[PDB]
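Enquirer: just dropping in an experimental structure and the matching sequence.
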Amino acid sequence: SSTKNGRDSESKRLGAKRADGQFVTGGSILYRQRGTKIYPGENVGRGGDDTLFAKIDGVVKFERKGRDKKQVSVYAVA
Amino acid sequence: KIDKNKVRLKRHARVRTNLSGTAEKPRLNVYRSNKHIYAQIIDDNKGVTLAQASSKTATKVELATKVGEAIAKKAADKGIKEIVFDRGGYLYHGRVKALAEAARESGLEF
Amino acid sequence: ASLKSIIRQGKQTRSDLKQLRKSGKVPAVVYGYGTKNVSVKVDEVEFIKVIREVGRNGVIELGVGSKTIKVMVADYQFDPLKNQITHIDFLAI
Amino acid sequence: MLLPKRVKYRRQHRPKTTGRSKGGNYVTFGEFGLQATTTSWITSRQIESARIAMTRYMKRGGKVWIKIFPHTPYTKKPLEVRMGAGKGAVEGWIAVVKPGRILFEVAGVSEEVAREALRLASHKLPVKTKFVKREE
Amino acid sequence: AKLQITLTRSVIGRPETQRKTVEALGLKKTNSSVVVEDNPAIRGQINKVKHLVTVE
RNA sequence: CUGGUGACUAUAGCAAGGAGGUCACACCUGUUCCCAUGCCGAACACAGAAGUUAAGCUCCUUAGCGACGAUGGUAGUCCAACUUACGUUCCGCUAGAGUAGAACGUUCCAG
RNA sequence: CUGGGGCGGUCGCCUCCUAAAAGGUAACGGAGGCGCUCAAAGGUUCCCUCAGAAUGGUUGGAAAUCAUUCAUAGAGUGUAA
RNA sequence: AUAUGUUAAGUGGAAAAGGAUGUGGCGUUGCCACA
RNA sequence: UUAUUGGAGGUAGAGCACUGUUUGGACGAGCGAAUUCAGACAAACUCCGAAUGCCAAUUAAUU
């Protein structure tokens, strides 16, 4: 009366790492994902693991890229 | 029948991502046709056109070269040194290739 | 037979709607031409009587805002468990 | 015996059983219907028992419409077993009936004989019923 | 200077979220009173603990 | 209005009935040449008579299909009493329906 | 380890559900995969656009190939999700 | 204790499908007779 | 801890545009599941979508 289920994998902590309107550094991670849920806006790169990081300092803002898509940008202070 | 102009704009979007502003600016745009060849220099972020000069013999090949020297002087009046070339969707050969080599020799490095 | 109706102002709380459905009244809305979605109240037993006379697709001489307006019944919600209506819509012509 | 020919997963979580019915609150196909005023599970075996007892009273009068269907399967472990060591095995197929859903529909008969047919079908089901008609 | 809040019911058996709202108003003991000036920020606090305090 | 090039959840699209013209975009003649088809100068790119606005393009008209959609009521629900299924208060869907809707449009060219 | 022990089963890694719209979250709860392959199946600059349905054509259904028309992906993406 | 109604079962102070001229409250509607 | 503002995230509910399931009609495509008109179901379905909760501002009071 044994079973064949019961195995799972370790959880990979994904999602947003910085809020909206927050000040970030020049190498901070903005989003972990599998695929492209959020596209890289201006002043934001894209890693080899589809990670979204910021290139410069400033405030981070989430925008909309057309219909049923969105992006995230970084603007310098002042 | 197939429209050559409407399928041309599709290829312009595939190249407009890598060079416009992200690579360099201002952007030199080329618009070819079966009767005349045009050109103009645009700003990406501001969204304004700086200079403009176009062709309007030999079915627009030497006149395609003529735009290269005319734009280069219009690019030297206001003063710009570094530029980025936008093919516009056409292959870099022939009429459009002659327009680039003309502006390059006239003190306008790409 | 004519729908003698009164008005209700402000935002009616959830309790007063339950108290309205028990005293024998039914809420309604007139959203025709120029009426500006005026919320209106109406009796229950006097609505079933008039629609039997004229019909489901007949006009009504409803009195709202102390004036006569010719309106018809567009759609209404019905609770099947207690065999009675809960809401009426009036599309003025 | 109503049961789907194939399902994606044989073992599923049991339904909620609490709340109110989504649809099927009015009579659309037939004329005289049968409402429900209590929540319970209607096994497929209880449907064939009520359908035979209903269409028999109407030898060849009219048509009957079954409005529900046993999509969800339930399981039960064998006899004399402790807890755990996996899940059970499929034993039947059930539906979820909430207050307001029409169970059966009858047309092609008179009003006096529709009440007697839908009465014998209500004693076979574990819920309470109410004779309803088409809405004006 | 126009609102006075006194504590009627006790905080035993209440969620910890509601215990921080009473501490943010200055009500330590039972039947204690404070004087505060009305504003959108102070009004929303007693609206959270309405069943524990009464306002005059 | 004629073009070039951008920014904006199809209120920008589909679908149909009409008016367009050799200055401008095209339709079109030919492979000498630059280059080209795992065969085809049809599409890529050179060289260009006449002819047609038939088609693309541009423009008017229409609510057939898509897309935008309040007010009211309902479902659900935070907190709070009764208590286990019912009151009170706050927030407030989906669907559906009266309406929007046959785009806006910054900067450079030729009349 | 174990709804007392023995017998049976299982022990590391990966993907989804259970999980209560951030993240995290158990049970001998419900379903699958891995212990490798690629010398181009990597890099780069150019150029293309699908599976199906339908009228015929050497006729096995008009989809073993060949042509026209529709086709927001119903195809593909070395290998589970 | 006060005002205003309900309930005859000791209900309160233990249980369901189902059965019934127990008794109140608000309605629907056809004969204006049933005996 | 409240007030105001902004954003990330698809549960409750609902729905049939996707995958799977399903009842009765019309209609030659095989004649309700290849098309059509009505009506239903879903932890591993989603064209849609709350209430709460969470991260922030260096925005205001109270502590």
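Expert: Thanks, I have it. Numbering: from 1, shown residues only, chains lettered A, B, ... in the order given.
Enquirer: so what touches the longest helix seen in chain B?
Expert: Ordering each helix of chain B by length in residues (DSSP state H) puts helix B:62-77 first. Residues outside helix B:62-77 that contact it (CB atoms under 8 Å, 6 or more residues apart in numbering or on different chains): B:28, B:36-39, B:41, B:51-55, B:57, B:83, B:95-96, B:98-104, B:106-108. In short, each C-beta sits where N, CA and C put it, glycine included.
Enquirer: what's the answer for stretch A:57-72, then?
Expert: Contact with stretch A:57-72 is made by A:18-26, A:30-31, A:38-41, A:43-44, A:52, A:54, A:73-77, as judged by CB under 8 Å, 6+ apart.
Enquirer: neighbours around the nearest residue to residue D:133 once chain neighbours are set aside, how many?
Expert: When the adjacent residues along the chain are set aside, residue D:133 lies closest to residue D:32, with 5.8 Å between them (CB to CB, 6 or more residues apart in numbering or on different chains). Look at residue D:32: counted by other CB atoms under 10 Å in any protein chain shown, it has 22 neighbours.
Enquirer: helix/strand/coil for the nearest residue to residue A:33 once chain neighbours are set aside?
Expert: With CB to CB, 6+ apart as the criterion, residue A:33 has its nearest non-adjacent residue at 5.4 Å, and that residue is residue A:50. Following DSSP: H, G, I helix; E, B strand; the rest coil, residue A:50 is assigned to coil.
Enquirer: returning to what we had before: just the buried residues of the contacts of stretch A:57-72.
Expert: A:18, A:24, A:30-31, A:38, A:40-41, A:43-44, A:52, A:54, A:73-74 (16 or more other CB atoms under 10 Å in any protein chain shown).
Enquirer: in chain D, what residue lies closest to RNA strand G?
Expert: Going by CB to the nearest atom of the strand, RNA strand G is nearest to residue D:84 of chain D, at 2.2 Å.
Enquirer: now chain B
Expert: For chain B, CB to the nearest atom of the strand, closest residue to RNA strand G: residue B:91, 4.8 Å.
Enquirer: hmm, back to that, now do the longest helix of chain B: distance to the chain's middle.
Expert: Helix B:62-77 has its C-alpha centroid displaced from the chain centroid by 10 Å (CA atoms, centre = their mean, to the nearest Å).
Enquirer: that one near RNA strand F at all?
Expert: No. Helix B:62-77 is not in contact with RNA strand F by CB under 7 Å from any atom of the strand; minimum separation 7.8 Å.
Enquirer: picking up where we left off before, which ones among the contacts of stretch A:57-72 are found in strands?
Expert: Among the contacts of stretch A:57-72, DSSP state E puts A:23-24, A:30-31, A:39-40, A:52, A:73-75 in strands.
Enquirer: would you map the strands across chain E?
Expert: E:3-7, E:33-36, E:53-55.
Enquirer: for chain D, same thing?
Expert: Under DSSP E, chain D gives strands at D:32-36, D:40-43, D:63-66, D:72-76, D:89-97, D:104-107, D:129-132.
Enquirer: quick one: work out the angle between the first one and strand D:89-97.
Expert: Note on geometry: by axes from the mean of the first three to the mean of the last three CA atoms, to 10 degrees, strand D:32-36 and strand D:89-97 are set 110 degrees apart in direction.
Enquirer: strand D:32-36 pairs with which strands, and in what direction?
Expert: strand D:104-107 (antiparallel), strand D:129-132 (antiparallel) (DSSP bridges).
Enquirer: can I get those in CSV with distance to RNA strand F and mean neighbour count?
Expert: Putting the strands paired with strand D:32-36 into CSV (distance: least, CB to the nearest atom of the strand, whole Å; neighbours: other CB atoms under 10 Å in any protein chain shown) gives the following:
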stretch, distance to RNA strand F, mean neighbour count
strand D:104-107, 22, 22
strand D:129-132, 16, 17
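Enquirer: I'd like those as CSV, with distance to RNA strand I appended.
Expert: Output for the strands paired with strand D:32-36, formatted as CSV (distance: least, CB to the nearest atom of the strand, whole Å):
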stretch, distance to RNA strand I
strand D:104-107, 9
strand D:129-132, 14
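Enquirer: select, out of the ones you listed, the one closest to residue E:2.
Expert: Within these, the stretch nearest residue E:2 is strand D:129-132; the backing value is 58.8 Å (CB to CB).
Enquirer: next, the residues that contact that closest one from outside, please.
Expert: Contacts of strand D:129-132 (CB under 8 Å, 6+ apart): C:80, D:27, D:32-37, D:102-103, D:114-115, D:118, D:122.
Enquirer: check the offset of it from the chain's centre.
Expert: With CA atoms, centre = their mean, you get 14 Å for strand D:129-132.
Enquirer: burial of the one residue in chain B that gets nearest to chain C, as a residue count?
Expert: Residue nearest to chain C within chain B (CB to the nearest CB): residue B:47, separated by 42.9 Å. Residues contacting residue B:47 under the criterion other CB under 10 Å number 7.
Enquirer: repeat for residue B:99
Expert: Residue B:99 has 27 neighbours, counted by other CB under 10 Å.
Enquirer: where's it relative to chain A, distance?
Expert: Using CB to the nearest CB, to the nearest Å, one gets 31 Å for the distance from residue B:99 to chain A.
Enquirer: go on, residue D:47?
Expert: Applying CB to the nearest CB to residue D:47 and chain A gives a distance of 33 Å.
Enquirer: OK, contacts around that residue?
Expert: Residues counted as contacts of residue D:47 (CB under 8 Å, 6+ apart) are D:2, D:66, D:68, D:70.
Enquirer: so who does residue D:134 touch?
Expert: Contacts of residue D:134 (CB under 8 Å, 6+ apart): D:26-27, D:31, D:33.
Enquirer: PyMOL command to pick out the buried ones of the residues you listed?
Expert: Per 16+ other CB under 10 Å, the buried members of the contacts of residue D:134 correspond to this PyMOL selection:
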select buried, chain D and resi 27+33
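Enquirer: buried residues in the strand ranked longest in chain C?
Expert: Looking across chain C with DSSP E, the single longest strand is strand C:67-79. Residues of strand C:67-79 classed as buried: C:69, C:71-73 (neighbour count, 16+ other CB under 10 Å).
Enquirer: just stretch B:89-97 next, same as before
Expert: Buried, per 16+ other CB under 10 Å, within stretch B:89-97: B:89-90, B:95-96.
Enquirer: tally of neighbours for the closest residue to residue E:26 other than its chain neighbours?
Expert: What sits nearest to residue E:26 in space, not counting adjacent residues and going by CB to CB, 6+ apart, is residue E:34, at 4.5 Å. Counted with other CB under 10 Å, residues neighbouring residue E:34 total 14.
Enquirer: so who does the nearest residue to residue D:24 once chain neighbours are set aside touch?
Expert: Closest residue to residue D:24 apart from its sequence neighbours, by CB to CB, 6+ apart: residue D:101 at 4.7 Å. Residues near residue D:101 by CB under 8 Å, 6+ apart: D:21, D:23-25, D:35-36, D:67-68.
Enquirer: ok, now with 10 Å
Expert: By CB atoms under 10 Å, 6 or more residues apart in numbering or on different chains, the contact list for residue D:101 reads C:80, D:20-25, D:34-36, D:39, D:42, D:67-68, D:95, D:127.
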